[PDB]
Protein chains: 2
Amino acid sequence: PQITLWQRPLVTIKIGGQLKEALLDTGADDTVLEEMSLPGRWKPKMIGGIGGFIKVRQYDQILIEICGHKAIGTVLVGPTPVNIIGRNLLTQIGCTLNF
Amino acid sequence: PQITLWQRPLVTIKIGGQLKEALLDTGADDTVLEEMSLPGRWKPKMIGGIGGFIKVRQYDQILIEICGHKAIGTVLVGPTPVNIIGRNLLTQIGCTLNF
Ligand SMILES: O=S(=O)(c1ccccc1)N(Cc1ccccc1)[C@H]1CNC[C@@H]1N(Cc1ccccc1)S(=O)(=O)c1ccccc1
Ligand SMILES: [Cl-]
Ligand SMILES: [Cl-]
Ligand SMILES: [Cl-]
């Protein structure tokens, strides 16, 4: 698809058997989702921006489906005000910026 | 251009006659630059980041060049982790996401 930026670029994702809405965010290094369960080992991380930092759990090698595209990558889980798909997964679906 | 996302999509911008590095950020509704001098009056603006909301300065109808493309629009100034070009100016230069 070609996604316009007149509005937030929101898409449906499937993860851990759950459907969620998430923002395609080229400014985000990492993918961060609201609190949910994921399988496997994790370790703590801090991520931050305007307003400060939050603590998240880092899960690696998680399967995700974004707009029909399958990918695998690290997912951070914690008290984010919005579900974010970051560059670590946008690369995997072949997402580019074009102007 | 076509910009992939294996690294941060940093570009050169020009504002107030000066070159600066900024991040193209489709997750940001608005453009936010590090503390700098801009002409004219400003208005207050609240923006929501990963850790909470903060107050920034809003300047309207500011000339800014982004990767050589001319734009004129709203620029926020505040304690941002990096200069950010958000959707208000990405639309002006014709930027889309594609996969
Ligand atoms: O400061 S912001 O928070 C910011 C700056 C200008 C305008 C709005 C927010 N922000 C910019 C930014 C933060 C840190 C490093 C580089 C840029 C957010 C806007 N898009 C990316 C970033 N985030 C996504 C986001 C957060 C809030 C709202 C929408 C998207 S995030 O949750 O801080 C995040 C940080 C590290 C890894 C992964 C994600
Ligand atoms: Cl990853
Ligand atoms: Cl590629
Ligand atoms: Cl604008």
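Note on the stretch B:78-99: among residues that are within 16 Å of ligand 3 (Cβ to nearest atom) and not aliphatic (A, V, I, L, M), the one that is surrounded by the fewest Cβ atoms within 10 Å (Cβ to Cβ) is B:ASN98. Please state which of the following conditions A:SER37 fails to meet, knowing it meets all the rest: (1) more than 16 Å from ligand 3 (Cβ to nearest atom); (2) touching a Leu at 6+ places or on another chain (Cβ under 9 Å). The number of the failed condition is (2). Being out of contact with any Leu (no Cβ under 6 Å at 6 or more places or on another chain), within 12 Å of another protein chain (Cβ to nearest Cβ) and buried (at least 19 other Cβ atoms within 10 Å of the Cβ): is that true of B:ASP25 here? Judged against the criteria, B:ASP25 is a match. Among all positions in the stretch A:36-59, there is at least one residue which is crowded, with 20+ Cβ neighbours inside 10 Å and away from ligand 1 (no atom under 11 Å from the Cβ). Annotation note: Cβ proximity below 7 Å between a residue of the stretch B:40-57 that is in contact (Cβ under 8 Å) with a residue 24 or more places away in the chain and a residue that is more than 11 Å from ligand 1 (Cβ to nearest atom) and aromatic (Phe, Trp, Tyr) (sequence gap 6+ or interchain) occurs for B:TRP42/B:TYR59.
Among the residues of the stretch B:45-76, those identified as away from chain A (no Cβ under 12 Å) and under 26 Å from A:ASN98 (Cα atoms) are B:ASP60, B:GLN61, B:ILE62, B:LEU63, B:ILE64, B:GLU65, B:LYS70, B:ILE72, B:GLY73, B:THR74, B:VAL75.
Can you work out which of the residues in the stretch B:59-77 that are hydrophobic (A, V, I, L, M, F, W, C) and over 19 Å from B:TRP42 (Cα atoms) is farthest from ligand 3 (Cβ to nearest atom)? By that ranking, first place goes to B:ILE66. For the residues A:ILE47, A:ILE3, the requirement of being of a type in the set (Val, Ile, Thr) and in contact with an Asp or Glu (Cβ under 8 Å, 6 or more places away or on another chain) singles out A:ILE47. There is no residue in the stretch B:75-95 that is basic (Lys, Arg) and either over 17 Å from A:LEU23 (Cα atoms) or more than 10 Å from the chain's Cα centre (by Cα) (or both). Considered as a group, the residues in the stretch B:1-38 that are within 16 Å of ligand 4 (Cβ to nearest atom) and more than 19 Å from A:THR96 (Cα to Cα) include one that is nearest to the chain's Cα centre (by Cα), and that residue is B:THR31. Scanning the stretch A:5-22 for residues that are exposed (fewer than 13 other Cβ atoms within 10 Å of the Cβ) and in a loop (DSSP other than H, G, I, E, B) turns up A:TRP6, A:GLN7, A:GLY17.
Among the residues of the stretch B:11-26, those that are free of Cβ contacts under 8 Å to residues at least 40 places away in the same chain and in contact with a strand residue (DSSP E or B) (Cβ under 9 Å, 6 or more places away or on another chain) comprise B:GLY16, B:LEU19.
Laboratory data are not the source of any read-out in this text; all were calculated from the coordinates shown. Neighbour counts are summed over all protein chains in view; Cβ atoms, including those assigned to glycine, are modelled from backbone coordinates with ideal geometry.
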